[PDB]
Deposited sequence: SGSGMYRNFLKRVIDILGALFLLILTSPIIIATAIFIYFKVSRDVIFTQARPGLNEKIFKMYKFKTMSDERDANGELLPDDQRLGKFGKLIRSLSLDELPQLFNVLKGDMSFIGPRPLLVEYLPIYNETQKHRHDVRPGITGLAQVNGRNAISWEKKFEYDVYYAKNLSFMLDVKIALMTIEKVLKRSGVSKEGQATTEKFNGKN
């Protein structure tokens, strides 16, 4: 509600962590940007408009992995050829997700929180599920680690509202412990799925 973690510490940890991981992965960030510039597209970064804290829209950064080659007809060539071989390798290693660390540093996102979903889901949320945006979206979160017993979207949102209601340092540490434990490694919200 008004503790010093929800109103101060969590943001400070987000800033220190995003800054550290940006420096820690900076050679990979520069290398990935160089390859994409010469092999994929000279516009290295593209943004994804997503609703964030208080449903405020932000630009979620991501590396481009597909080309802009269309058919003279005007339509873009399918993903079959537009995704180079290295494009898969960048995707499989989630290297294109590294710019999201900057969204965390910007305050657009947190290290822990609900997943930033499509802007089309805003009218579909019910008044209970809309509380999922009472906190910053996260790279990981409570619903993300509970992907085994939550195949439906309403179960993931129940974890989202529960997280925004009970946001504490101990809950974040718990979510972080379960995320490491993931050492072991489609429908689209319709209002009833």
Relative to the deposited sequence, which regions have no modelled C-alpha positions in the structure?
1, 187-197
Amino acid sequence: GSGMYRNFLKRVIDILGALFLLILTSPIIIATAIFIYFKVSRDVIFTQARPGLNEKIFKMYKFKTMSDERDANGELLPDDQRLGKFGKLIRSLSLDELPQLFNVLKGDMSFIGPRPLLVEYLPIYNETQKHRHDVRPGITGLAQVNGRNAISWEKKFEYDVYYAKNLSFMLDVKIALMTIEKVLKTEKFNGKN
From here on, numbers count along this sequence of modelled residues.
Quick one: higher average CA temperature factor, 27-35 or 157-165?
157-165
If you average the Cα B factors in the entry, which is higher, 45-53 or 65-73?
65-73
Residue with maximal Cα B-factor (values as given in the PDB entry) among 19, 184, 170, 13:
184
Selection from 99, 123, 116, 107 [criterion: highest C-alpha temperature factor in the record]:
123
Position of residue 142 among the chain's modelled residues by C-alpha B-factor, lowest, middle or highest third
middle
Taking the entry's C-alpha B-factors for this chain, is residue 83 in the lowest, middle or highest third?
highest
Using only modelled residues of the chain, where does the Cα B factor of residue 133 rank: lowest third, middle third or highest third?
middle
What third of the chain does residue 60 rank in for C-alpha temperature factor, lowest, middle or highest?
lowest
